[PDB]
Amino acid sequence: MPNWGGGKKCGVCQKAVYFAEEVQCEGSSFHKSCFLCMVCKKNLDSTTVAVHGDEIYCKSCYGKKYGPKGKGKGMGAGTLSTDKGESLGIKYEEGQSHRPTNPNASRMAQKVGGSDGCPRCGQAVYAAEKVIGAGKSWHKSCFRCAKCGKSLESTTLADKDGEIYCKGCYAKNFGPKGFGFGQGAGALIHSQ
Ligand SMILES: [Zn+2]
Ligand SMILES: [Zn+2]
Ligand SMILES: [Zn+2]
Ligand SMILES: [Zn+2]
C-alpha cells in the first residue's frame, strides 16, 4: 500500500513518467515512445533531433521544412511586322480618218446601120424576109396587095403614093376606056 516514489512529467501526453525513459529535451521531456518525429512519424531515439512548438522533429525533417524550395521562372518577348510596295497604271488612245467621194464623168457614142422594120405587122425586118417597095420596107410575106391581098414581090407590085398593090390592080385601077354598042330592030307583018 505504502509506495509512490517519484517520476517525470510528460508534457506531451500529459502523463507522469514512472522513471523508465523520461526522454529529456530543451526545457521539456516526453516518454520514449512519445518522442517520435511528428513529421515522418518515425520514432526519434537518438541525437540529431530537433524540437518545435509542442512537437518534435528529426534534423532532416527540420532541414526539410526549414530548407528552401527552389527558384522561380523568367519571361520573354518579341515582335516584328513590315509590308510595303504597290503601284500600277496604264492608259492609251487613238484617232481615226475618213475618205471623201469623187464625182463621175460622162461619155459620148453613136452608131447606126441599115435594116428596117415591117410597118405591116410591126415586127422588124432584116434579111431572110426583107422586102423594099413603095419606098418602104416590109416582110416579103406580109407585103401584099392592099386590094386583093395577093402577096407581092417588087416589080409586079405597085406603089401608089405609099400604098401597095398588084400590077393587075395598078392597071385596072388605071385601065383604058372601051367603046359601046347598041341594038337594032327588023320588021314583021301581020295576018289573021
Ligand atoms: Zn508521454
Ligand atoms: Zn522525421
Ligand atoms: Zn410583116
Ligand atoms: Zn391587087
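### Focus: the overall build of the protein
Summing up its helical and strand segments, the protein has two helices and 12 strands in all. Counting from the amino terminus, helix and strand elements in the protein follow one another as β-β-β-β-β-β-α-β-β-β-β-β-β-α. Against the compact-globule benchmark of 16 Å for 192 residues, the protein has a radius of gyration of 90 Å, which places it well outside the compact range. The dimensions of the protein, computed from C-alpha atoms along their principal axes, are 265 × 70 × 25 Å. For the protein, buried positions account for 18% of its 192 residues. Expressed as a percentage of contacts within the protein between residues at least 6 apart in sequence, the contacts between residues at least 24 apart total 8%.

### Brief notes about the coordination of the zinc ion (ligand 4)
Within the protein, the atoms that donate to the zinc ion (ligand 4) are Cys145 (SG), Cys148 (SG), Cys166 (SG) and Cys169 (SG), at distances of 2.3 to 2.4 Å. Relative to the metal, the four donor atoms surrounding the zinc ion (ligand 4) lie at angles of 93 to 144°, and the coordination shape comes out irregular. Of note, the donors binding the zinc ion (ligand 4) are all from one chain and are spaced C-x2-C-x17-C-x2-C. One end of the pair, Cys145, is in the loop between strand 10 (136-139) and strand 11 (157-160); the other, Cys169, is in helix 2 (residues 167-173), with 24 residues separating them in the sequence. What makes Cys169 buried here is its relative accessible area of 11%.

### Overview of the environment of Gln14
Take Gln14: it is sitting in the loop between strand 1 (8-9) and strand 2 (16-17). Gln14 gets classed as exposed once you look at its relative accessible area, which sits at 70%. Sequence-wise, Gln14 and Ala50 are 36 residues apart; in three dimensions their C-alpha atoms are separated by 20 Å.

### Thoughts on the domain arrangement of the protein
Quite often, the size of an interface is put as the accessible area lost when its parts meet. What the domain assignment reports for the protein is domain 1 (1-69) and domain 2 (113-175). The centre of domain 1, based on its C-alpha atoms, is set 185 Å off from the matching centre of domain 2.

### Quick look at the coordination of the zinc ion (ligand 1)
Those donors, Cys10 (SG), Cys13 (SG), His31 (ND1) and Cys34 (SG), are the protein atoms that reach the zinc ion (ligand 1), and they lie 2.0 to 2.4 Å from it. Considering all four donor atoms around the zinc ion (ligand 1), angles at the metal cover 90 to 129° and the coordination shape is tetrahedral. On the primary sequence, the residues serving as donors to the zinc ion (ligand 1) are separated as C-x2-C-x17-H-x2-C.

### Things to note about the packing of aromatic side chains
Across all of its chains, the model carries four aromatic pairs by this definition. Look at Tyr62 and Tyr66: their rings are 3.8 Å apart centre to centre, the planes differ by 25°, and that puts the pair in the stacked class. Placement of both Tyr62 and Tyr66 in helix 1 (residues 59-66) is noted, with a separation of four residues, approximately one turn of the helix. Judged by its relative accessible area of 24%, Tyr62 is partly exposed. Ring centres 5.4 Å apart and planes at 75° place the aromatic pair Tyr170 and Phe174 in the edge-to-face group. Overall, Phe174 belongs to the partly exposed group, its relative accessible area being 45%. Directly above the ring of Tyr57 sits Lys65, whose terminal nitrogen or CZ lies 6.0 Å from the centroid.

Criteria and thresholds
- Residue labels reflect position in each chain's written sequence, counted from 1, rather than necessarily the entry's numbering. Residues lacking coordinates are not shown.
- Written order determines the labels here, with chains lettered from A and ligands numbered from 1.
- For side-chain calculations, the full set of non-hydrogen atoms in the structure is used, while hydrogens and water are omitted.
- Strands are runs of DSSP state E lasting at least 2 residues, helices are runs of H or I lasting at least 4, and numbering of each runs from the N terminus.
- As a reference, a globule follows 2.2 Å times the number of residues to the power 0.38, and the radius of gyration itself is taken over C-alpha atoms.
- Under the scheme applied here, a residue whose accessible area is under 20% of the maximum for its type counts as buried, over 50% as exposed, and between as partly exposed, the area being computed with a 1.4 Å probe on protein chains only.
- The criterion used for residue contact is that any of the two residues' heavy atoms lie within 4.5 Å.
- Only N, O and S atoms count as donors, using a 2.8 Å limit from the metal and a wider 3.2 Å limit for Na, K and Ca, and since water is excluded some coordination spheres may look unfilled.
- In this scheme the shape depends on donor count and angles: four donors with every angle between 85 and 135 degrees give tetrahedral, four or six donors with opposite pairs above 155 degrees and others between 65 and 115 give square planar or octahedral in turn, and any other case is irregular.
- Just so you know, the domain bounds were taken from an automatic or database domain assignment.
- In this analysis, rings of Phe, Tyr and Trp, with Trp reduced to its six-membered ring, are considered paired at centre separations within 6.5 Å, and the interplanar angle assigns stacked below 30 degrees, edge-to-face beyond 60, and tilted for intermediate values.
- Put simply, a charge is over a ring when the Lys NZ or the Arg CZ is close to the ring centre, within 6 Å, and near the line of the ring normal, within 35 degrees.

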